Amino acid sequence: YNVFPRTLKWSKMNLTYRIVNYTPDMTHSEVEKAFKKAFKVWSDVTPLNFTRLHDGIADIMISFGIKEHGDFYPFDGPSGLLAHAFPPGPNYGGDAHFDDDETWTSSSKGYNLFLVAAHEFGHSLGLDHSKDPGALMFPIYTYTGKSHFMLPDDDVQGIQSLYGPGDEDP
């Protein structure tokens, strides 16, 4: 027999993702690099593996859309809601949607796609918001002007509570 897990998590370490469509704001390559770096935030501190799919059905379908885009969470135009992701599960589970009425960047201008993606992928993986104002998973987007991204210890503890640490060295 099997009882349901205590927490929403993926029951597999090998996850797939697909970039379904792209924002006008950035190149395909900038967008791919941003999502790849954002997934690496999480895979670097767990046993999670992320494989990009070019088509078909991935665990984490990523898309850019505006207003009503096929769920109960319509976007709201410029500013306000930025993005959202669904917790682990079938179908819409794990999917991450980015509001394409925002300006997405690879800088401190607009909203940094890597930074918001890393945060959305936290949700895609089972993390909700943290009270730690320094946390990646803090509910309010701020861009610190840090040159170097470092996953805060709060988010490390959170994600490792779900998936364990993976290799504690490289």
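Start at 1 with the first residue shown and count on from there.
- Notably, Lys9 is never a gap: all other compared entries of this protein, restricted to those modelling both its neighbours, have coordinates for it, so the one-third criterion is not met.
- Checked against the other entries of this protein, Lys146 counts as unresolved in at least one third of those spanning it.
- Judged by mean Cα B factor in the deposited record, 147 to 155 ranks above the other of 147 to 155 and 20 to 28.
- Note on 42 to 50 vs 105 to 113: mean CA B-factor is higher in 105 to 113.
- Highest CA B-factor among the listed residues (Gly65, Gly126, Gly134, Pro139): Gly134.
- When the CA B factors of the chain's modelled residues are split into thirds, the value for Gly122 lands in the lowest one.
- The deposited CA B-factor of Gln160 belongs to the lowest third of values across its chain.
- For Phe86, the recorded CA B-factor ranks within the middle third of the chain. Only modelled residues enter the ranking.
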